[PDB]
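Visitor: Let me give you the structure first, and then I'll get to my questions.
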Amino acid sequence: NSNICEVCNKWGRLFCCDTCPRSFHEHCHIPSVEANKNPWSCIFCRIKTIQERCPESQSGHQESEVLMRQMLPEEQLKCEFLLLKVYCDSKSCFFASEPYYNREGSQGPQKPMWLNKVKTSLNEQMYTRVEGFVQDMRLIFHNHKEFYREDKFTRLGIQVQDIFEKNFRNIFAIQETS
Ligand SMILES: [Zn+2]
Ligand SMILES: [Zn+2]
Ligand SMILES: [Zn+2]
Numbered sequence: 701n702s703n704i705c706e707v708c709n710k711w712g713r714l715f716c717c718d719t720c721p722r723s724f725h726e727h728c729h730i731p732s733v734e735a736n737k738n739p740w741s742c743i744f745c746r747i748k749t750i751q752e753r754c755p756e757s758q759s760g761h762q763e764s765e766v767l768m769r770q771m772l773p774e775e776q777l778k779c780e781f782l783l784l785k786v787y788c789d790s791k792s793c794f795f796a797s798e799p800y801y802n803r804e805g806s807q808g809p810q811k812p813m814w815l816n817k818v819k820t821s822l823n824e825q826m827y828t829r830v831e832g833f834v835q836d837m838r839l840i841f842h843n844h845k846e847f848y849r850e851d852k853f854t855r856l857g858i859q860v861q862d863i864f865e866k867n868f869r870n871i872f873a874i875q876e877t878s
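With PDB author numbering, the residue at position 120 of the sequence shown is 820, and numbering never jumps.
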């Protein structure tokens, strides 16, 4: 197994996947690494099994159909994995915890949102459809763009949104377009 956490790239108290070489901190894995379960398979492994059991699940889809899906177990898992793919980028630090807003010439967003809030909301089964999760995720970056205005710090929102959107298109097999 690897000697660093796949998500945050630091060593520490790591849990090792039995079916691949990845390792994780307890709360870096999503869902949090399960108490028992020997062998244990990580989220990467679980996502790979879905594709292998239904090869046609990789044929292109329309975003509008994906968003209306109900959060059954497989969609729950895919959203967890997409969330984890964001936390894998070190720039997710800026969006992880609850923000506050006090900048001359700007007003805070009407609906603040952050990664740890989305994490909790997944954990507590608060999304009934994929659309709920994706709207909250895109809201994080949209709030950041609006607040920061012409400050060059706005670019951090563009960068992490790009990671989100590439991974969304990959995980949910969105039809490729020009
Ligand atoms: Zn970690
Ligand atoms: Zn694994
Ligand atoms: Zn099949």
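Just so you know, even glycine gets a beta-carbon here, dropped at the ideal spot from N, CA and C.
Tell me whether the stretch 728–747 and the stretch 776–792 touch, counting them as touching only if at least three CB pairs, one residue from each stretch, are closer than 8 Å.
Guide: yes
Visitor: My assumption, with CB atoms under 8 Å, is that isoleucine 858 sits in contact with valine 786. Please give the rounded CB distance.
Guide: Their Cβ separation, rounded to whole angstroms, is 14 Å, which puts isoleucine 858 and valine 786 out of contact at 8 Å.
Visitor: Which one or two residues does DSSP pair with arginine 838 in a beta bridge?
Guide: Per DSSP, none; premise fails for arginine 838.
Visitor: Taking DSSP as the reference, what is the three-state secondary structure of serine 723?
Guide: strand
Visitor: Would you check if the stretch 803–821 and the stretch 834–850 touch, i.e. whether three or more CB-CB distances between them fall below 8 Å?
Guide: yes
Visitor: So does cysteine 728 have its beta carbon nearer than 7 Å to some heavy atom of ligand 1?
Guide: yes
Visitor: Do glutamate 706 and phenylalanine 715 have their C-beta atoms within less than 8 Å of each other?
Guide: no
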